[PDB]
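A short worksheet on the structure shown next.
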Amino acid sequence: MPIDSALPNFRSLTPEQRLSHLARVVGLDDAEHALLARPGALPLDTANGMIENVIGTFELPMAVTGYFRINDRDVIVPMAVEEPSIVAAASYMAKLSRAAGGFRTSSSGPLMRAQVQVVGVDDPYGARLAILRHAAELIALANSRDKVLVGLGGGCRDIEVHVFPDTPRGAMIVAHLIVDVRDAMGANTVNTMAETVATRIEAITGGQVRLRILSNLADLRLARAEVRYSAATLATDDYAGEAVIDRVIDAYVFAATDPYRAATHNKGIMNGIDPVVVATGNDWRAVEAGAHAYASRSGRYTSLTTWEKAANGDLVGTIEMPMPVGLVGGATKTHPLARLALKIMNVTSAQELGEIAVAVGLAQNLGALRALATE
Amino acid sequence: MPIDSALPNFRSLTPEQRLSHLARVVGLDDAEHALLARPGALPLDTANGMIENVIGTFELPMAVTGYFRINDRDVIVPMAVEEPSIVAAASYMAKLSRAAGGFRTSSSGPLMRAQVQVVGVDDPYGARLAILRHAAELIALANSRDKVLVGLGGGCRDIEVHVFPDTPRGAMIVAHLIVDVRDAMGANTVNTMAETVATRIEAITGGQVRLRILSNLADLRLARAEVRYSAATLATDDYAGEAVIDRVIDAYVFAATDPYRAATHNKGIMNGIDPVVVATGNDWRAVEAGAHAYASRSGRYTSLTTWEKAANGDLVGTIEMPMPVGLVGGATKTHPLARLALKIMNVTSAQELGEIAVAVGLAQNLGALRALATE
Amino acid sequence: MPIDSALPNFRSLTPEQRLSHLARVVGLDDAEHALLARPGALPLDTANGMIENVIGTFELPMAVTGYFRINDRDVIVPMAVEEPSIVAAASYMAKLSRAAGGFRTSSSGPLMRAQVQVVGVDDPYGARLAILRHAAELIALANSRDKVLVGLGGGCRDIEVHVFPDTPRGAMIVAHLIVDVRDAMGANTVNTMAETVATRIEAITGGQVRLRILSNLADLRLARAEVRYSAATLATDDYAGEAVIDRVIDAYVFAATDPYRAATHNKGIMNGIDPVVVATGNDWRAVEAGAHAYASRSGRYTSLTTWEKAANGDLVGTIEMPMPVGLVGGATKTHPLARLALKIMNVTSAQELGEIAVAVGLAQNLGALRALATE
Ligand SMILES: CC(C)(COP(=O)(O)OP(=O)(O)OC[C@H]1O[C@@H](n2cnc3c(N)ncnc32)[C@H](O)[C@@H]1OP(=O)(O)O)[C@@H](O)C(=O)NCCC(=O)NCCS
Ligand SMILES: CC(C)(COP(=O)(O)OP(=O)(O)OC[C@H]1O[C@@H](n2cnc3c(N)ncnc32)[C@H](O)[C@@H]1OP(=O)(O)O)[C@@H](O)C(=O)NCCC(=O)NCCS
Ligand SMILES: CC(C)(COP(=O)(O)OP(=O)(O)OC[C@H]1O[C@@H](n2cnc3c(N)ncnc32)[C@H](O)[C@@H]1OP(=O)(O)O)[C@@H](O)C(=O)NCCC(=O)NCCS
Ligand SMILES: Nc1ncnc2c1ncn2[C@@H]1O[C@H](COP(=O)(O)OP(=O)(O)O)[C@@H](O)[C@H]1O
Ligand SMILES: Nc1ncnc2c1ncn2[C@@H]1O[C@H](COP(=O)(O)OP(=O)(O)O)[C@@H](O)[C@H]1O
Ligand SMILES: Nc1ncnc2c1ncn2[C@@H]1O[C@H](COP(=O)(O)OP(=O)(O)O)[C@@H](O)[C@H]1O
């Protein structure tokens, strides 16, 4: 069912007119329409089961951004956020992306790391080699309590082991279980696997397992997007498109050079990403931590995007970053509007959701840089 | 008006009972009580003026966390978030902090950086010295359109200038206006100052000013908190308090050693901070970007907290990080519940809000580490 | 009283003729003239009170260098040194600077750092936060014994605190008192402040204060100078001025690239600076240490100057470095010729003296590079 994600005249429509349009285009029934149309879609009793000491609920404005097209498929994207201009800028940059075909995206697998930290070992490099020698057994043990995930094509795939010999608290060994978590965010799953393998790792190493916990630096679960714009597309009344393109690249190089700029440049990316994360019931703190920690992996805090001039003169943007979002658990299941957000987007895998999100972030970045370029 | 922030039996009370308690303790009138008690506190028309393409609103559960005491003053803290255990853990760690006096906090000034980026200069070090020679004039010019802020004791205080001689796009000079923004977050204020000084900087340097924009790496606007716990306080049925203390320190050293752990460790901090930021109408993306970029300032991504053993054996925790929150603009003014959140906390300066927030983050960090330590 | 600092025909005049000229131009009375005209201006008994085990005095030749103009004010500069060509080269480069207006200078404040080193602390990051929480009290305590300096507009302004957790002798905390010392060099003043705050810092931290002492890396007390020369100005019979300019820049880039060259390049700067420091009774070891330590602050020992080609083709030089000189104490007060040196220069603030000195150093640097360029 191919849709048009263009949002004609949305700036002049009332919220009820906007919802009528959305309901027609993405095929919402009347009860789904009514759920967005009236406050209180998250019943107090449901909220009271989600977190502790609930006294009520706190509303963010909820919007949709227009024109996104991801691997040739139009998608309307819900956003929950409080700051002006964000939704408009995302729409505008996705509108201008369409001449060169929208956004082209990919992902690495849905791979998450579970850390199993071992202390008290006198021969940590020997212990590391012992864990690696027993890797097949440990991977099987990790998979032993997750027959559903394995049946869906997921599960623990590999184990790596890092040694930190010189800490103020003695040598530490850290095993990482590398786990394919399919459409889940994956924390409970991998945390439980880390628990499951702990006593065997103690027997192999002679150490004491302390932390058994996912890493939020989810650098094996990357989402990527690329976009292109011509000079003709980016021309304005005051600037030739070639000048806009050069000034955007100039601004990007400033972020790639100076962490004081890169922090603002990447904040602008998250202005696009986090609202999609919130509106789907996902953990925005996890996405933030993975994004900004990844931005410093090189030894210097830098840009999560790149902007370049192609051989034919077009502007080309790219983004790549960790994107640990899911479809199956947490508030994504419990919040009635998170379920509806996923239906509006018609997403069927967590991978597709992550690629949509980073495309919005890439568009939001251009929106900021382009505006700063055209004064 | 000193209050008790203890929340007795809140886990067994209904949301209406919790709101009755809160209304009595912090002195909410019946209309404020009614505003939290019924969905829809953010009218659709108000939401429609906040962001573009609004179709409705999106609710987060809203809670309060208990027991916080900041420089000897009890405070009840609202939190808007979707994830379980966060509110309870913050309460528990603030409860246990009270034996040694709660949280002790401080801040640097409310100082924000506005970047003024200059391109096209052939003698950038000469241009830098020219800007510095004219610093008094440029600071006065920056203050020329902000008589209200200057009257409140704020304004541009200093100018520094950085030179990046070797970029792929030529040499860049970046002036920073260092601005005291009092109780505002400060973006519009400093962005406008950067605009105001641009043509004079062009005349002084012979270059072209491109970006004129705040930096979200707000490392001159730091909030700090310290807390202490004794062994007796941290003892459990399965672990002596001395063992809990050592295992918490062990976990902290793991984060200080390994960026894969530090990302999760700092995410846990933001689980405490961001909900307070959201509930007061503040920009959580800005707080996130400043926090995680600051965490990598040393050249390696590390912990925003420290945990140590004092001479008498007590556990001591500290946190320090950028905290660019405000009280005066944005959704903090527009959202009726953000105004009420500030009233619940009885805060009168943005500095006090930032210190409350980082204290919650420090408590949340301990909550995570302590739990991982006691299995 | 505007003077001309040109020194016409000084190379052919006797020392008595040179002194007659100087006495007329800067308005020395006959007793001041007589003091320079006859050996022994530092009485043996005065020398015997300055240092220990005095047996006599040791003469440096004393000269004046010509043509300097600092922010549009001509100044004649005394120099005490033993090496030929230094005075002549400084004069020649200041002479050639005049076509483009002489030297343009500025300074940061007269800010000195006093270090208060704390050992024996088990929770140093906690102790740091305690010091910072008590900063206002500690700054007031630092100012408590210096009412004269505070009345003159000086005094302790701020406190920062550094933690060194991993030393062979345990963790160290180092507080820095940041002190405005007005026209003094400032050592005794800041050392005394560091003493004054020590027992309170011990009470706050639970540690033992060891060193209480100024830092000679006076990187908050910077003097800066800029100068310009056209091609026409730098032309010689053998080289076009454009070639001289390119060869000077080439030599500068060699120093910025190679520490074996930078050491010689910066020695050449100090050939200009140190003689002015000696002739005013100031501590040349302190100026040297601050200069060369600052030259390695980037992690590699490099040039204290820069040389660049401006858009119109002119050569532009800059210098920036610590300049902790004073007017009020030490040999500057005790040595009769140091007092007269200050009168010859007509300086009224330590800031002005430091800017004159670094301008001479910048000129001396060009003198060396230009000569090496023209064979
Ligand atoms: C806000 C902004 C989009 C207004 O753009 P503009 O030059 O005035 O452009 P237009 O009014 O011609 O609108 C262009 C497109 O932007 C979208 N748009 C602009 N204003 C919109 C609004 N109020 N509501 C909804 N969509 C809007 C639309 O897609 C519109 O085209 P469409 O109506 O054909 O779909 C533009 O200034 C921008 O992108 N600014 C950057 C803002 C930013 O980066 N914010 C983050 C931190 S400040
Ligand atoms: C969740 C947690 C607080 C339950 O603690 P517990 O050992 O079972 O402790 P108790 O039931 O004795 O409660 C201790 C305190 O915690 C608070 N608390 C615990 N459960 C609570 C609940 N459901 N609702 C409200 N407050 C709760 C209260 O302050 C309580 O004391 P109080 O009733 O006197 O005010 C504890 O397990 C924890 O701190 N876990 C860490 C969770 C975490 O770090 N989440 C972030 C990522 S997973
Ligand atoms: C020494 C040096 C100044 C002689 O320069 P020169 O090309 O022979 O130039 P001139 O004889 O035309 O003199 C030019 C100016 O230098 C000054 N000068 C040169 N020789 C001087 C001398 N013996 N006494 C006083 N001033 C002298 C004067 O300002 C003179 O102009 P003025 O008389 O109009 O005031 C020049 O070679 C130089 O600058 N060398 C660099 C020396 C150096 O860098 N030493 C440090 C380590 S080696
Ligand atoms: N498409 C799917 N992808 C991943 N897991 C699934 C899927 N469908 C069902 N599951 C099961 O759900 C579990 C995770 O659910 P839950 O913890 O609620 O998810 P989340 O980690 O996203 O919060 C897996 O361990 C698996 O057994
Ligand atoms: N207590 C205060 N602190 C700072 N600014 C204030 C205060 N009261 C009024 N103002 C004015 O408000 C302006 C900033 O308001 P606004 O842009 O709406 O704030 P924000 O930057 O927090 O979104 C300042 O430039 C100042 O003139
Ligand atoms: N213009 C001035 N600048 C600084 N200090 C001054 C001035 N005039 C008098 N004083 C006093 O002199 C003191 C320093 O004198 P002294 O130790 O002899 O100077 P120095 O540190 O330069 O050797 C200050 O602490 C101050 O009280």
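Just so you know, all these numbers are worked out from the coordinates, no wet-lab data involved. Every residue, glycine among them, receives a Cβ derived from its backbone with ideal geometry; neighbour counts consider all protein chains shown.
By the Cα gyration tensor, the protein assembly as shown has an equivalent ellipsoid whose semi-axes, rounded to whole angstrom, run 59, 35, 28 from largest to smallest. Relative to the longest principal axis of the Cα atoms of chain C, the long axis of helix C:350-373 makes an angle of roughly 50 degrees.
Using the Cβ-Cβ distance between residue B:3 and residue B:328 with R0 set to 30 Å, the FRET efficiency from 1/(1 + (r/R0)^6) comes to roughly 0.80. Sorting the Cα pairs of chain A by distance into bins of 20 Å, from 0 upward, gives 27, 51, 21, 1 percent per bin. Residue-level result for chain A: its Cβ closest to the axis carrying A onto C, with that distance in Å, is A:166, 6. For residue B:4, the distances from its label point to the matching points in the remaining copies are 6.5, 8.9 nm, ordered from shortest, with each point set 7 Å beyond Cα toward Cβ. Label-to-label distance, residue C:46 versus residue A:140, with points set 7 angstrom from Cα along the beta-carbon direction: 9.5 nm.
The angle between the Cα long axis of helix B:124-133 and the longest principal axis of the Cα atoms of chain B comes to about 80 degrees, rounded to the nearest 10. Simple point charges give the picture: +1 on the Cβ of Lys and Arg, -1 on the Cβ of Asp and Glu, and for the protein assembly as shown a dipole about the Cα centre of about 340 debye. For residue C:3, what is the net charge nearby, where nearby means another residue's Cβ is under 13 Å from its Cβ and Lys, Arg count +1, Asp, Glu -1? Residues near residue C:3 contribute +1 overall.
Here the spin labels are modelled as points 7 Å beyond Cα on the Cα-Cβ line, and at residue B:163 and residue B:150 they lie 3.1 nm apart.
May I ask for the net charge around residue C:206, where only other residues with Cβ less than 9 Å from the Cβ of residue C:206 are counted and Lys, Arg are +1 while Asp, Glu are -1? The answer is -3. Along segment A:259-276 the Karplus relation, 6.51 cos²θ - 1.76 cosθ + 1.60 evaluated at θ = phi - 60°, assigns HN-Hα couplings of x, 4, 7, 4, 4, 6, 4, 6, 4, x, 4, 6, 4, x, 6, 4, x, 6 Hz to successive residues, with x for each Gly and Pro. Exposure proxy shown here: for C:298, A:108, the number of other Cβ atoms within 10 Å sets the order, fewest to most, as C:298, A:108. Here A:260, A:301 are placed in order of increasing Cβ neighbour count within 10 Å, fewest first, which gives A:260, A:301.
A straight line joining the Cα centroids of segment A:296-375 and segment C:109-183 runs 46 Å.
Taking the label point 7 Å along Cα→Cβ, residue A:235 and its counterparts in the other copies are spaced 4.7, 8.1 nm apart, in ascending order.
Each of C:51, C:338, C:177 was placed along the dipole of chain C (beta-carbon charges, centred on the mean Cα), and the one lying farthest toward the positive end is C:177. By the count of other C-beta atoms within 10 Å, a proxy for reagent exposure, C:123, C:146 are ordered fewest to most as C:146, C:123.
Projecting the Cα atoms of B:85, C:255, A:306 onto the dipole axis of the protein assembly as shown, where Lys and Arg carry +1 and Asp and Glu carry -1 at the beta carbon, places B:85 farthest toward the positive end. At an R0 of 25 angstrom, the distance between the Cβ atoms of residue C:30 and residue C:73 translates into a FRET efficiency of 0.45.
Largest GNM mean-square fluctuation among C:329, C:40, C:155, using chain C with Cα springs under 10 Å: C:40. Helix B:241-257 and the long axis of chain B differ in direction by around 30°, with both axes built from C-alpha atoms. Spin-label model, residue A:98 to residue A:232: label points 7 Å out along the Cα-to-beta-carbon direction sit 1.7 nm apart.
Residues considered: A:12, A:215, A:107. Largest GNM mean-square fluctuation over chain A, using C-alpha springs under 10 Å, is found at A:12. Computed from phi, the 3J(HN,Hα) profile of segment B:167-182 under the Karplus parametrisation 6.51, -1.76, 1.60 (θ = phi - 60°) reads 10, x, 10, x, 5, 10, 10, 10, 8, 10, 7, 9, 10, 8, 9, 6 Hz, with x in place of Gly and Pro. Here residue A:167 yields copy-to-copy label distances, from shortest upward, of 2.6, 3.8 nm, the label point defined as 7 Å from Cα along Cα to C-beta.
In summary, the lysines within cross-link reach of residue A:333, defined as a Cα separation below 19 angstrom excluding same-chain residues under 8 places away, comprise A:343. Per residue of C:314-322, other chain Cβ atoms within 10 Å of the residue Cβ number 3 on average. Among residues other than residue B:125 with Cβ under 9 Å from its Cβ, the summed charge is -3 (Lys and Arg +1, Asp and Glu -1).
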